[PDB]
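**Q** Supplied structure: protein-v7.pdb, PDB, C-alpha atoms.
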```pdb
MODEL        1
ATOM      1  CA  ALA A   1       0.000   0.000   0.000  1.00  0.00           C
ATOM      2  CA  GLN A   2       1.077   3.652  -0.198  1.00  0.00           C
ATOM      3  CA  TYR A   3       0.902   4.157   3.547  1.00  0.00           C
ATOM      4  CA  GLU A   4       2.332   1.208   5.462  1.00  0.00           C
ATOM      5  CA  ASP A   5       2.617   0.479   9.134  1.00  0.00           C
ATOM      6  CA  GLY A   6       6.304   0.593  10.008  1.00  0.00           C
ATOM      7  CA  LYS A   7       6.948   3.004   7.149  1.00  0.00           C
ATOM      8  CA  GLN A   8       5.487   6.511   7.562  1.00  0.00           C
ATOM      9  CA  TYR A   9       4.086   5.537  10.911  1.00  0.00           C
ATOM     10  CA  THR A  10       4.135   2.772  13.505  1.00  0.00           C
ATOM     11  CA  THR A  11       1.230   1.406  15.485  1.00  0.00           C
ATOM     12  CA  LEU A  12       1.166   1.364  19.254  1.00  0.00           C
ATOM     13  CA  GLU A  13       0.767  -2.242  20.354  1.00  0.00           C
ATOM     14  CA  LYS A  14      -0.513  -0.609  23.540  1.00  0.00           C
ATOM     15  CA  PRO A  15      -3.230   1.793  22.306  1.00  0.00           C
ATOM     16  CA  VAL A  16      -4.071   4.794  24.517  1.00  0.00           C
ATOM     17  CA  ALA A  17      -7.787   5.363  25.211  1.00  0.00           C
ATOM     18  CA  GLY A  18      -9.237   8.894  25.410  1.00  0.00           C
ATOM     19  CA  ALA A  19      -6.019  10.444  24.100  1.00  0.00           C
ATOM     20  CA  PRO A  20      -6.033  13.791  22.254  1.00  0.00           C
ATOM     21  CA  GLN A  21      -6.716  13.424  18.528  1.00  0.00           C
ATOM     22  CA  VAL A  22      -3.408  14.967  17.436  1.00  0.00           C
ATOM     23  CA  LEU A  23      -0.796  14.867  20.202  1.00  0.00           C
ATOM     24  CA  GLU A  24       2.678  16.343  19.720  1.00  0.00           C
ATOM     25  CA  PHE A  25       5.616  16.108  22.182  1.00  0.00           C
ATOM     26  CA  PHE A  26       8.712  18.310  22.215  1.00  0.00           C
ATOM     27  CA  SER A  27      11.519  19.804  24.299  1.00  0.00           C
ATOM     28  CA  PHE A  28      13.090  23.223  24.053  1.00  0.00           C
ATOM     29  CA  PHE A  29      16.410  21.287  24.328  1.00  0.00           C
ATOM     30  CA  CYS A  30      15.629  19.130  21.299  1.00  0.00           C
ATOM     31  CA  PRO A  31      17.515  20.067  18.080  1.00  0.00           C
ATOM     32  CA  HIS A  32      15.003  18.490  15.629  1.00  0.00           C
ATOM     33  CA  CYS A  33      12.197  20.179  17.593  1.00  0.00           C
ATOM     34  CA  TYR A  34      13.793  23.563  16.943  1.00  0.00           C
ATOM     35  CA  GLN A  35      13.840  22.686  13.237  1.00  0.00           C
ATOM     36  CA  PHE A  36      10.195  21.460  13.410  1.00  0.00           C
ATOM     37  CA  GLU A  37       9.188  24.809  14.883  1.00  0.00           C
ATOM     38  CA  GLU A  38      11.402  27.401  13.191  1.00  0.00           C
ATOM     39  CA  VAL A  39      12.300  25.970   9.791  1.00  0.00           C
ATOM     40  CA  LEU A  40       9.556  23.452   8.987  1.00  0.00           C
ATOM     41  CA  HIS A  41       6.518  24.805  10.883  1.00  0.00           C
ATOM     42  CA  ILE A  42       5.248  21.227  11.234  1.00  0.00           C
ATOM     43  CA  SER A  43       2.414  21.936  13.686  1.00  0.00           C
ATOM     44  CA  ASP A  44       1.095  24.666  11.484  1.00  0.00           C
ATOM     45  CA  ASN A  45       1.174  22.692   8.244  1.00  0.00           C
ATOM     46  CA  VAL A  46      -0.524  19.773   9.955  1.00  0.00           C
ATOM     47  CA  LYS A  47      -3.313  22.101  11.125  1.00  0.00           C
ATOM     48  CA  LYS A  48      -3.818  23.449   7.610  1.00  0.00           C
ATOM     49  CA  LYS A  49      -4.512  19.915   6.362  1.00  0.00           C
ATOM     50  CA  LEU A  50      -6.495  18.555   9.310  1.00  0.00           C
ATOM     51  CA  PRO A  51     -10.310  18.177   8.978  1.00  0.00           C
ATOM     52  CA  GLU A  52     -12.897  20.333  10.642  1.00  0.00           C
ATOM     53  CA  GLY A  53     -13.551  19.313  14.264  1.00  0.00           C
ATOM     54  CA  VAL A  54     -10.057  18.110  15.212  1.00  0.00           C
ATOM     55  CA  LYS A  55      -8.051  19.703  18.033  1.00  0.00           C
ATOM     56  CA  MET A  56      -4.253  19.711  18.263  1.00  0.00           C
ATOM     57  CA  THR A  57      -2.320  19.292  21.485  1.00  0.00           C
ATOM     58  CA  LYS A  58       1.367  20.006  22.154  1.00  0.00           C
ATOM     59  CA  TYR A  59       3.220  19.052  25.333  1.00  0.00           C
ATOM     60  CA  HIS A  60       6.746  19.605  26.704  1.00  0.00           C
ATOM     61  CA  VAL A  61       8.754  16.722  28.167  1.00  0.00           C
ATOM     62  CA  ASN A  62      11.077  16.345  31.159  1.00  0.00           C
ATOM     63  CA  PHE A  63      13.626  13.811  29.973  1.00  0.00           C
ATOM     64  CA  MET A  64      15.949  16.389  28.372  1.00  0.00           C
ATOM     65  CA  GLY A  65      17.983  19.003  30.212  1.00  0.00           C
ATOM     66  CA  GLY A  66      17.576  17.844  33.800  1.00  0.00           C
ATOM     67  CA  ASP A  67      16.465  20.556  36.201  1.00  0.00           C
ATOM     68  CA  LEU A  68      15.915  23.196  33.495  1.00  0.00           C
ATOM     69  CA  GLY A  69      14.001  20.615  31.480  1.00  0.00           C
ATOM     70  CA  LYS A  70      11.399  20.378  34.258  1.00  0.00           C
ATOM     71  CA  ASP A  71      11.261  24.175  34.699  1.00  0.00           C
ATOM     72  CA  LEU A  72      10.529  24.347  30.999  1.00  0.00           C
ATOM     73  CA  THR A  73       7.668  21.843  31.301  1.00  0.00           C
ATOM     74  CA  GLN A  74       6.168  23.987  34.082  1.00  0.00           C
ATOM     75  CA  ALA A  75       6.745  27.141  31.955  1.00  0.00           C
ATOM     76  CA  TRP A  76       4.981  25.514  29.047  1.00  0.00           C
ATOM     77  CA  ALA A  77       2.045  24.759  31.379  1.00  0.00           C
ATOM     78  CA  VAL A  78       2.078  28.491  32.243  1.00  0.00           C
ATOM     79  CA  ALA A  79       2.082  29.292  28.540  1.00  0.00           C
ATOM     80  CA  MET A  80      -0.907  26.939  27.955  1.00  0.00           C
ATOM     81  CA  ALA A  81      -2.834  28.313  30.944  1.00  0.00           C
ATOM     82  CA  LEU A  82      -2.330  31.949  29.792  1.00  0.00           C
ATOM     83  CA  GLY A  83      -2.750  31.104  26.113  1.00  0.00           C
ATOM     84  CA  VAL A  84       0.568  32.687  25.193  1.00  0.00           C
ATOM     85  CA  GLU A  85       2.212  29.760  23.358  1.00  0.00           C
ATOM     86  CA  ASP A  86       2.577  31.693  20.147  1.00  0.00           C
ATOM     87  CA  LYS A  87       4.511  34.448  21.907  1.00  0.00           C
ATOM     88  CA  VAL A  88       7.071  32.456  23.871  1.00  0.00           C
ATOM     89  CA  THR A  89       7.807  29.437  21.703  1.00  0.00           C
ATOM     90  CA  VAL A  90      10.355  31.114  19.485  1.00  0.00           C
ATOM     91  CA  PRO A  91      12.229  33.060  22.209  1.00  0.00           C
ATOM     92  CA  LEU A  92      12.371  29.941  24.388  1.00  0.00           C
ATOM     93  CA  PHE A  93      13.849  27.818  21.584  1.00  0.00           C
ATOM     94  CA  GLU A  94      16.399  30.509  20.709  1.00  0.00           C
ATOM     95  CA  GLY A  95      17.153  31.255  24.348  1.00  0.00           C
ATOM     96  CA  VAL A  96      17.978  27.586  24.960  1.00  0.00           C
ATOM     97  CA  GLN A  97      19.653  26.544  21.676  1.00  0.00           C
ATOM     98  CA  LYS A  98      20.777  29.680  19.781  1.00  0.00           C
ATOM     99  CA  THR A  99      21.866  32.362  22.223  1.00  0.00           C
ATOM    100  CA  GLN A 100      22.119  30.048  25.241  1.00  0.00           C
ATOM    101  CA  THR A 101      20.881  32.808  27.476  1.00  0.00           C
ATOM    102  CA  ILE A 102      18.417  30.555  29.308  1.00  0.00           C
ATOM    103  CA  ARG A 103      20.161  28.895  32.264  1.00  0.00           C
ATOM    104  CA  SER A 104      17.696  29.210  35.134  1.00  0.00           C
ATOM    105  CA  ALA A 105      13.999  29.531  35.887  1.00  0.00           C
ATOM    106  CA  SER A 106      14.516  33.295  36.210  1.00  0.00           C
ATOM    107  CA  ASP A 107      15.816  33.421  32.643  1.00  0.00           C
ATOM    108  CA  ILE A 108      12.733  31.521  31.448  1.00  0.00           C
ATOM    109  CA  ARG A 109      10.626  34.037  33.325  1.00  0.00           C
ATOM    110  CA  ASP A 110      12.495  36.909  31.543  1.00  0.00           C
ATOM    111  CA  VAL A 111      11.336  35.580  28.152  1.00  0.00           C
ATOM    112  CA  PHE A 112       7.691  35.827  29.279  1.00  0.00           C
ATOM    113  CA  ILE A 113       8.230  39.355  30.712  1.00  0.00           C
ATOM    114  CA  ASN A 114       9.814  40.507  27.480  1.00  0.00           C
ATOM    115  CA  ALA A 115       6.888  39.006  25.557  1.00  0.00           C
ATOM    116  CA  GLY A 116       4.594  41.253  27.588  1.00  0.00           C
ATOM    117  CA  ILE A 117       3.179  38.856  30.167  1.00  0.00           C
ATOM    118  CA  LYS A 118       3.108  40.685  33.493  1.00  0.00           C
ATOM    119  CA  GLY A 119       5.414  39.506  36.266  1.00  0.00           C
ATOM    120  CA  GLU A 120       2.552  39.314  38.706  1.00  0.00           C
ATOM    121  CA  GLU A 121       0.501  37.304  36.216  1.00  0.00           C
ATOM    122  CA  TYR A 122       3.372  34.922  35.444  1.00  0.00           C
ATOM    123  CA  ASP A 123       4.334  34.171  39.062  1.00  0.00           C
ATOM    124  CA  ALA A 124       0.709  33.632  40.012  1.00  0.00           C
ATOM    125  CA  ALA A 125       0.296  31.174  37.130  1.00  0.00           C
ATOM    126  CA  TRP A 126       3.664  29.497  37.889  1.00  0.00           C
ATOM    127  CA  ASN A 127       2.556  28.756  41.458  1.00  0.00           C
ATOM    128  CA  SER A 128      -1.072  27.887  40.673  1.00  0.00           C
ATOM    129  CA  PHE A 129      -2.644  24.425  41.091  1.00  0.00           C
ATOM    130  CA  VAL A 130      -4.176  24.802  37.646  1.00  0.00           C
ATOM    131  CA  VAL A 131      -0.610  24.827  36.339  1.00  0.00           C
ATOM    132  CA  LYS A 132       0.254  21.923  38.670  1.00  0.00           C
ATOM    133  CA  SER A 133      -2.449  19.783  37.029  1.00  0.00           C
ATOM    134  CA  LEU A 134      -1.404  20.987  33.536  1.00  0.00           C
ATOM    135  CA  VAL A 135       2.123  19.718  34.352  1.00  0.00           C
ATOM    136  CA  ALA A 136       0.509  16.422  35.472  1.00  0.00           C
ATOM    137  CA  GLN A 137      -1.319  16.117  32.143  1.00  0.00           C
ATOM    138  CA  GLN A 138       1.898  16.601  30.154  1.00  0.00           C
ATOM    139  CA  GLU A 139       3.657  13.947  32.191  1.00  0.00           C
ATOM    140  CA  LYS A 140       0.730  11.489  32.121  1.00  0.00           C
ATOM    141  CA  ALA A 141       0.287  11.788  28.345  1.00  0.00           C
ATOM    142  CA  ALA A 142       3.998  11.104  27.828  1.00  0.00           C
ATOM    143  CA  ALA A 143       3.918   8.250  30.327  1.00  0.00           C
ATOM    144  CA  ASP A 144       0.934   6.676  28.525  1.00  0.00           C
ATOM    145  CA  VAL A 145       3.044   6.115  25.382  1.00  0.00           C
ATOM    146  CA  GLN A 146       6.294   5.469  27.280  1.00  0.00           C
ATOM    147  CA  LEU A 147       7.980   8.333  25.445  1.00  0.00           C
ATOM    148  CA  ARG A 148      11.776   8.135  25.137  1.00  0.00           C
ATOM    149  CA  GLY A 149      12.239  10.469  22.179  1.00  0.00           C
ATOM    150  CA  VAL A 150      11.123  13.788  20.717  1.00  0.00           C
ATOM    151  CA  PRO A 151       9.834  15.251  18.422  1.00  0.00           C
ATOM    152  CA  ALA A 152       6.942  12.835  18.465  1.00  0.00           C
ATOM    153  CA  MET A 153       3.434  12.962  17.139  1.00  0.00           C
ATOM    154  CA  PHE A 154       0.633  10.505  17.940  1.00  0.00           C
ATOM    155  CA  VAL A 155      -2.766  10.254  16.235  1.00  0.00           C
ATOM    156  CA  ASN A 156      -5.758   9.283  18.501  1.00  0.00           C
ATOM    157  CA  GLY A 157      -3.589   7.316  20.845  1.00  0.00           C
ATOM    158  CA  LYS A 158      -2.789   4.550  18.432  1.00  0.00           C
ATOM    159  CA  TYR A 159      -0.522   5.777  15.615  1.00  0.00           C
ATOM    160  CA  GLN A 160       2.930   7.347  15.857  1.00  0.00           C
ATOM    161  CA  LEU A 161       4.470   9.413  13.040  1.00  0.00           C
ATOM    162  CA  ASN A 162       7.706   8.016  11.664  1.00  0.00           C
ATOM    163  CA  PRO A 163       9.621  10.847   9.944  1.00  0.00           C
ATOM    164  CA  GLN A 164      12.775   8.713   9.480  1.00  0.00           C
ATOM    165  CA  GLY A 165      10.834   7.008   6.701  1.00  0.00           C
ATOM    166  CA  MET A 166      10.171  10.131   4.541  1.00  0.00           C
ATOM    167  CA  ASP A 167      12.618  11.855   2.119  1.00  0.00           C
ATOM    168  CA  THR A 168      14.526  14.845   3.522  1.00  0.00           C
ATOM    169  CA  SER A 169      16.154  16.066   0.317  1.00  0.00           C
ATOM    170  CA  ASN A 170      13.581  18.799   0.066  1.00  0.00           C
ATOM    171  CA  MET A 171      12.257  20.368   3.257  1.00  0.00           C
ATOM    172  CA  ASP A 172       8.918  21.408   1.719  1.00  0.00           C
ATOM    173  CA  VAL A 173       8.214  17.937   0.380  1.00  0.00           C
ATOM    174  CA  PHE A 174       9.064  16.431   3.768  1.00  0.00           C
ATOM    175  CA  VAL A 175       6.585  18.665   5.556  1.00  0.00           C
ATOM    176  CA  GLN A 176       3.742  17.851   3.145  1.00  0.00           C
ATOM    177  CA  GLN A 177       4.442  14.141   3.370  1.00  0.00           C
ATOM    178  CA  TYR A 178       4.372  14.509   7.140  1.00  0.00           C
ATOM    179  CA  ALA A 179       1.107  16.513   7.135  1.00  0.00           C
ATOM    180  CA  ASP A 180      -0.585  14.255   4.568  1.00  0.00           C
ATOM    181  CA  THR A 181       0.375  11.327   6.750  1.00  0.00           C
ATOM    182  CA  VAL A 182      -1.272  12.899   9.780  1.00  0.00           C
ATOM    183  CA  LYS A 183      -4.399  13.492   7.661  1.00  0.00           C
ATOM    184  CA  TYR A 184      -4.442   9.868   6.417  1.00  0.00           C
ATOM    185  CA  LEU A 185      -4.083   8.541   9.984  1.00  0.00           C
ATOM    186  CA  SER A 186      -6.756  10.952  11.103  1.00  0.00           C
ATOM    187  CA  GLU A 187      -9.288   9.583   8.558  1.00  0.00           C
ATOM    188  CA  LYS A 188      -8.320   6.042   9.446  1.00  0.00           C
TER     189      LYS A 188
ENDMDL
END
```
What is this structure when it is put down as structure tokens?

**A**
Amino acid sequence: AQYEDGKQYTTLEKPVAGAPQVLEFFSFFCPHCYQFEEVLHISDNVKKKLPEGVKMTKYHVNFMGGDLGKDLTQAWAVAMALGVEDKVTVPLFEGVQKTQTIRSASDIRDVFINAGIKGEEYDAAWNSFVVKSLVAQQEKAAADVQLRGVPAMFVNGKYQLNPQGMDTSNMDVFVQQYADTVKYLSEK
């Protein structure tokens, strides 16, 4: 067939009930994730090809970057709670991987301040139980699929994107193959 299990995707032998329809995992420490965000705009091209009625979820993971890795997962919860993902994603990626100016929780906080989120608002979110449970959701979702690597995308808790099995000679072609695969899995 044109789409084959173990080719553009793999199937979870342990399917995950009630999972988000499109579920993406990343880390601000992850070099391919930076590419996915900045150069390829994967999430965005997937959205453009997804049907009507389908929500997209993106979570940060702990297993890269030790202590700062966890701070970043909590900061991403803050971003989700405040709805400011589109304002902090780029400066967080560049702060961690390009300029290497993010070294502590305070430096993460600076990125939000510079993006116009108020200090008071940020610290209140950071310390809130709503953010605590948002952190829990990120961890539980990643635990459910026993996630050892990022970037990762899962469709309705049973299919996992396999970008290794797509051509990378052309970045545009790679992205469309990726997005078309998500759409195919979606309609499955």

**Q** Apply the PyMOL selection byres ((chain A and resi 92) around 8) to the file shown and report the selected residues as a list in words.

**A** residues 28, 88, 89, 90, 91, 93, 94, 95, 96, 102, 108 and 111 of chain A

**Q** Have a look at CA of residue 146 in chain A and CA of residue 183 in chain A and let me know their distance in Å, one decimal.

**A**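 Going from CA of residue 146 in chain A over to CA of residue 183 in chain A covers 23.7 Å.
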
**Q** Give me the residues near residue 80 in chain A as a PyMOL selection string, where near means some atom within 12 Å (using only C-alpha atoms) and where sequence neighbours in that chain fewer than 2 positions away do not count.

**A** chain A and resi 57-60+73-78+82-89+122+125-126+130-135+137-138

**Q** Got a sec: who's within 10 Å of residue 55 in chain A, counting only C-alpha atoms, leaving out chain neighbours fewer than 2 positions off, as a list in words?

**A**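 My reading of the contact set: residues 20, 21, 22, 23, 47, 50, 51, 52, 53 and 57 of chain A.
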
**Q** Return as AutoDock Vina command-line options the centre and edge lengths, in Å with one decimal, of the box along x, y and z that encloses every atom of range 46-52 of chain A in the file, padded by 4 Å per side.

**A**
```
--center_x -6.7 --center_y 20.8 --center_z 8.7 --size_x 20.4 --size_y 13.3 --size_z 12.8
```
